[PDB]
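Chains as they are written, first to last, in the authors' numbering: chain F, 1 to 112; chain B, 1 to 112; chain D, 1 to 112; chain A, 1 to 124; chain C, 1 to 124; chain E, 1 to 124; chain Z, 33 to 57, 73 to 116, 219 to 306, 331 to 353, 356 to 394, 409 to 420, 440 to 458, 464 to 503, 521 to 544, 557, 565 to 653; chain Y, 33 to 57, 73 to 116, 219 to 306, 331 to 353, 356 to 394, 409 to 420, 440 to 458, 464 to 503, 521 to 544, 557, 565 to 653; chain X, 33 to 57, 73 to 116, 219 to 306, 331 to 353, 356 to 394, 409 to 420, 440 to 458, 464 to 503, 521 to 544, 557, 565 to 653. Virtual Cβ for every residue (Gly too), placed ideally from N, Cα, C.
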Ligand SMILES: *[C@@H]1O[C@H](CO)[C@@H](O)[C@H](O)[C@H]1NC(C)=O
Ligand SMILES: *[C@@H]1O[C@H](CO)[C@@H](O)[C@H](O)[C@H]1NC(C)=O
Ligand SMILES: *[C@@H]1O[C@H](CO)[C@@H](O)[C@H](O)[C@H]1NC(C)=O
Ligand SMILES: *[C@@H]1O[C@H](CO)[C@@H](O)[C@H](O)[C@H]1NC(C)=O
Ligand SMILES: *[C@@H]1O[C@H](CO)[C@@H](O)[C@H](O)[C@H]1NC(C)=O
Ligand SMILES: *[C@@H]1O[C@H](CO)[C@@H](O)[C@H](O)[C@H]1NC(C)=O
Ligand SMILES: *[C@@H]1O[C@H](CO)[C@@H](O)[C@H](O)[C@H]1NC(C)=O
Ligand SMILES: *[C@@H]1O[C@H](CO)[C@@H](O)[C@H](O)[C@H]1NC(C)=O
Ligand SMILES: *[C@@H]1O[C@H](CO)[C@@H](O)[C@H](O)[C@H]1NC(C)=O
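Laid out in structure tokens, this is it:
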């Protein structure tokens, strides 16, 4: 059905720097008027994951104003501006355009 | 303004067999969403006619399930699977799409 | 924006005859369903101008049946029959299709 | 069950008026059409006229200017009046009850209820 | 029989501000448009100002902001105010009323009744 | 301030039937979607099942005929039953509360709250 | 193949109950000239015993007695509210229950004079053809019996003429021989108290309790007979007998004057009428997708085509004070129309009486091949057959309109 | 060419009769501060003698008398329900009946005091003109005469203040001269109608029948004049002579007091008012194919342009109990609005006040030039002229709408 | 970016006052088994002192009392009309005024016993946890106060049991120590008129004005205390002391039995209920270019999702004469629904519960993040946040819709 692929799997980033992730799908994710049908989650090692970006543009409460998103068609990208010891973990894309939902491969984000 | 053409005018079929009648129009007998605008009638010799087929598909009360048929455009047809000595007589096909309703040229059915 | 241009500026006509005045525009000046958006105005010398033609076809109240307008698109005209010494004066074209309502160079009707 | 009946003339010479009466002995005239069909030894079955119960009438082009249709309500009949009957218009006449169905249109089902019919001759 | 009148100002020095008041007698001002136009030897006729009765205003693109227009229904009149009048603004002013019809938009008819007019003259 | 809780089931041998139950403490099961999600060391994250309050359910194509999901409004909880658990489904299950927005099509917001998640291996 | 189609102006009715208006020319509106509309062919199930009219009769007349506390009982018609109808059975051998064929509809009832009486019905409408017997169950001894007369005999009070009396008794006995197969004798009640044994009525503003024991204790009047009566130097009461009340006890079977309470009186005069609900909404299968109650016995096609657009909502008085019951009826009617209009408009079929919609016709709903739908079944029969699945049909229609 | 167009909410009215409602600062609704809306150039005919004001009002006042049983009359007001208006003239020379050019519209009538008088109107509202003569037909001599004054005369008890009568007479007959052209004398009727010939009123809840002969007979008044009264030294109550009732006694002519009844008094104290019913629906020709009553009487186009949507459909009750009459009126108004909205919805016209449709406009309906319809002809008389063909227009509009 | 969208059926309410209809088992609408719908997390402020429902209940009990001019007081279940709701607070320390959680909604109120009492409330509804004190302003104003008890004390005839009185007095003094610092002991009335000074009630058709003074002072009982009074032995009356009315006369402090009036008597029970009006119409921002109250107080998303078609107009009685108040309420409800439907129909949002139109969202209206709007704020707070601009946003919506 739908396969979520994303790049890169792992990042070697300096503290507090900006990092960008790009995930491609098999077809478009565009609503007739909505921004997208994509979700963007994060998980910490050994703990339950939480919400970061819903509908590709906004962030829920409790999310620092450092996570942003953009993209369209078959490419959606996500951005972080400042990182700390809290943000190390696994960033995931999620797809909801069709009746089959799939996260695809993970994104292990760590600090040198 | 509308002329039917029946075929054949007369056929001689062995009793209890199947026979087919076909009449042509000059215009397409198609409704926007319906089936057709054509009628099929019997006539016994010297007696009042009766309904056989209305809207090209169904049969009226008291009509044995031996009368059927269909068609489209400028060709429609009637069919008998089993014929009886009682049904020797005439069949007519009638048009209703335009204002000038008009019958055909008569189809005489006679048993060998 | 919108500029009228009419001919002739002045003409010499024998009493009681007919005269035609033609004014042209720069835009389409045509209603979607209605007739027109042009009006024909008349002014006697030294007095407030009256109304002659509104919407291009019909006449106003108290005006004699001696003025008739027609045309389309970028050309319009007024025919005047049975001119009298009373009506010697100035005819003006008025436009209403768009904003910045604007007249044209007036024409002088004088009796030969 | 419903039945139909007819009354008419016998021998009629050309250029006169032909008046035919047809009475219904069943359901009222409210929800059908009443139509006349003509059968002759020549050229086959034809069409004459159509009447509603309000008085709306429809005719054919062949006899547009020579045939008229009348109805009433007290005793439930309907009637042809055909002017100047000719020698080539001799035709047995039949009354029939068209059924109707309302779906965005007057969809016309078959003509089940047919009168027994009456013979009409021409005098010369 | 409806009539219009104007109260005006005489000779004006260049570059000051002048106002023209114009009142209506006979018919209320609820259901029309009221407009002011001007005439001059070198210009013909050019539209200036338009107003409804609630207070909707409309101005030409030339004198978009150099002039203002106001209305009041307590005694049923309106007025213009023009600042910094110059020599090129030789203008004799006229009040008039547009009639309206509502079918799809505010479609316009002719301007039936015209005020007498004031010979507003500007000189040094 | 809402919480999700889950009841453990320990270890099960292959080809078994395993039922997992998840209760809620907070807003009622009124107009949210209650779904579950599985996590594996070498499979990533995959989708399992979705339920509304009315009982209508949605499942993935990978588990057409392996699991069924149901709810209990009186205790404000829900559960699934998984027949024929296989040795290739080493799993950790998580409960999830999808938000919804009703504008034409039911637009699908994020997944704000997450249960603590429970371990499920296959014994052999 | 076939698709669901919604018709609005459909003549189908069901059974229901309500309040009425007091046509009289207190609840006193006016009463213009009425009209009666026949039905071409309707077999209707009438039941006078279960009828809900008698309760309203008794309550309203009791309220009238309290308001008055010489009566000059005005024949009072009961008019149905807007959106309802009154059905009258015209068959002349009608036992008060069962099928009727010559069924007509009328807006307002015929005149009823609410004269209170017992053991001798006075000033009531006579029988059309012959004396008859009305009873819920002739084999149930706990039930009472109404004997309806055809040739009224006048009684002056009491003074009764015996020439006609014994002939009427003979005809009654001969008819009861058909229903009961034994010789029948009559015997005065000897009941408990005054009201169950004596004759009761009122005349010129005062009550009369009369000793009517001599009229049934048959062993030869051959002349006028006088009956004792108390409260001859009194105003006379010459009211005419219209029928009697008769009861049985336990092979000379004995019948017994007396019977039930006052209610049965209004059962002897308001039994021809039934109150009926109009439910103008119909669902039918058609090959398309994208006055009233007059011909309610005609075929589906005829009733469908005779449907035209009305210009009135869903009328006798004019600029008159209505009252509590009239306002109740009008408000209920307008609320019902508003609810039904919103229900119809939910599918987008707002302005058009006939609406074709995009829903496939599940053949398991009715079977009943399309030919017999519009050629053989009456509208009421169709609604009766489809009533099992109407709610599912409505829900599917709304869902399919929502899905677009 | 020319095509039909539907306008909704346009201010055109018509004469009608309907039940108004009482209010007071049997009927106790609150009365807010009223307001009068002037009209520009409407000419309206008024007629006191053909009016339902008196009938409803007199019924209400008699009901108040019956419900009362020691009290003073309390001024009350009458107001129209939703969907009506009260038109009142303002011309000071209003001759009872005729056209008026200064017509104002209101919702609640001015203060009226329900006091009863027989020969001399008391506690009555004045008039600007010194004296006015009102009659249905003063020449026909088959009707009574109302004389309305300008300076009320104080009457204690009884007593009258002398010369003020004389001067008053010196004016009255003067005007009567220019109506009959002869010297006019007066005398009691010389009849046996003691209920009308004698003067009648009430004070402190006690009735007063007083003889009066010297008031209306000349050949000396000087100081205070006195009259006998019976049921003068018992109770001191005051009153305002405001109007009198005079009829003709079949050279000099004699007049007669007392000809009339209570209804004539009531009409005399309330005659400037007329009930009118608005009919917000208009049909007009134009070129297109696909607060209230303020502008009425003005140009058709100007009335069209000022027509704007309204939040409210079609006072200040707050949270009181409406009563029977208000509840009936509200129900009638809401059902009328529902009926009219359904009528609009029958066509393809789904909410817009301005409604363009596809129906040809022939020359027979109007025979009026397109210029003269929207520049000169007022809405009310345009509707009056087109009313002959309204039903045909509606039917053609519906037919060309549904058939597409 | 962001565009306005109209929702119909939102569970948002506001304070309002309306005629609550009487109902019992002059009130016979009957009542089936009632139900209470809990609300999840709504916090509602209650103020029983300014409640208007008790005002309607009083003078209506007076009209019922006067109509009979013995009484077994039927529990009169007041209930709300259509389009209204009754909110019942459910806390144990609610004390009459302030915020309350656990607020449930109920259709028809609890049974009320309209029994008159002056100093000692008889047959009053009991407390739940402990004795409580109610006042409009306990300290800032010297106004009357109510004391609510836990164990109702049975008295007869007049005849009271000392031990229970001593216990209740001790507990009441201990509780009042928590609010007033001085020593609280209860002294005799020392007042004026005997109406508000003694004990008043009625029993078995007889009034009782009992001079009671031994229940206070005592600066003791040791057995049964007796206090007979006048209007064979006295009728064996009985009653339940449940609540006591007290008032302070400005160390040692003095409350006073009696005082106030009888409105306070009927306020001692109907303090748990508030009457509220539903306003089912909301606007919210989203992305477009083209039972009840159960979810109220929950998040925006849940209430939006659960909002499905009611398929009803907006009850208990079945075919019953409604009366004036019922029919008033029904007419008002249907008029409100018609007004709201017309208001919604001015746009294209005619037949859909949800409708999103083409209007840009001016950020100054909310200045709140979209996530904050649709994930954190309940409907009731959102309506308050938008109530400052509802009229102008409605006008802008209409102006943008009618352009096309
Ligand atoms: C009257 O006739 C009907 C006809 O079926 C019958 O059912 C009914 O029992 C009869 N009435 C009595 C009282 O027997
Ligand atoms: C009535 O019955 C017969 C009928 O003629 C008559 O001979 C008889 O005498 C009468 N009997 C009584 C009791 O009236
Ligand atoms: C009773 O009085 C009425 C009055 O008309 C009279 O007709 C009748 O004959 C009287 N009857 C007797 C028995 O006196
Ligand atoms: C009683 O009914 C009979 C039946 O025709 C009638 O002749 C008679 O006049 C009626 N009685 C009275 C008093 O009218
Ligand atoms: C006087 O009244 C009559 C009607 O009675 C009316 O015709 C006439 O015009 C009036 N005179 C006026 C208004 O001057
Ligand atoms: C009434 O007034 C007239 C005024 O012309 C006067 O001549 C006459 O004397 C007066 N009569 C009395 C009785 O005062
Ligand atoms: C008036 O309108 C009708 C529309 O049915 C049309 O037939 C007729 O010709 C018109 N009148 C004239 C004079 O054209
Ligand atoms: C009652 O409770 C409210 C709750 O806030 C509180 O404000 C108030 O002081 C309390 N009063 C008493 C007398 O308990
Ligand atoms: C009331 O109870 C208290 C308990 O502390 C006791 O001390 C006191 O004596 C009692 N008083 C009476 C009058 O019973």
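As DSSP reads the structure, residue 488 (chain Y) sits in a beta bridge with Y:235.
Among the residues of chain C, those whose CB is under 7 Å from the CB of residue 54 (chain D) are 109, 110, following chain order. Residues 118 of the same chain have their beta carbon placed closer than 6 Å to that of residue 8 (chain E), with the five preceding and five following residues left out of the count. Counting only the Cα atoms, residue 339 (chain Y) lies some 21 Å from residue 277 (chain Y).
Residue 379 (chain Y): not part of any beta strand (DSSP E); DSSP gives it neither H nor E. Per DSSP, reduced to three states, the secondary structure at residue 536 (chain Y) is helical.
In the pairwise beta carbon analysis, the region 10–26 of chain E is classified as not touching the region 14–24 of chain A: fewer than three pairs are separated by under 8 Å. Residue 479 (chain Z) and residue 111 (chain Z) have their alpha carbons spaced roughly 15 Å apart. Within 7 Å of the C-beta of residue 361 (chain Z) there is not a single heavy atom belonging to ligand 2. Considering only beta carbons, the part of the region 567–579 of chain Y lying closer than 8 Å to chain X consists of 568, 570, 571, 572, 573, 576, 579, in chain order. Residue 539 (chain Y) sits exposed, since fewer than 16 C-beta atoms from the chains shown fall within 10 Å of its C-beta.
Of all C-beta pairs linking the region 365–377 of chain X to the region 255–268 of chain X, three or more are shorter than 8 Å, placing the two stretches in contact.
The Cβ atoms of residue 646 (chain Z) and residue 489 (chain Z) do not sit closer than 8 Å to each other.
Checking the 7 Å criterion, the Cβ of residue 301 (chain Z) is within range of a heavy atom belonging to ligand 4. According to the DSSP secondary-structure assignment, residue 39 (chain D) is paired through a beta bridge with D:94. In the three-state reduction of the DSSP assignment, residue 119 (chain E) falls in the strand class, which pools E and B.
Against chain X, the beta carbon of residue 600 (chain Y) has neighbours under 7 Å at 594, 595, listed in chain order. For residue 94 (chain X) and residue 220 (chain Z), the gap between their C-alpha atoms comes out near 57 Å. Listed along chain B, no residue sits closer than 9 Å to residue 25 (chain A) by beta-carbon distance, the nearest being about 15 Å off.
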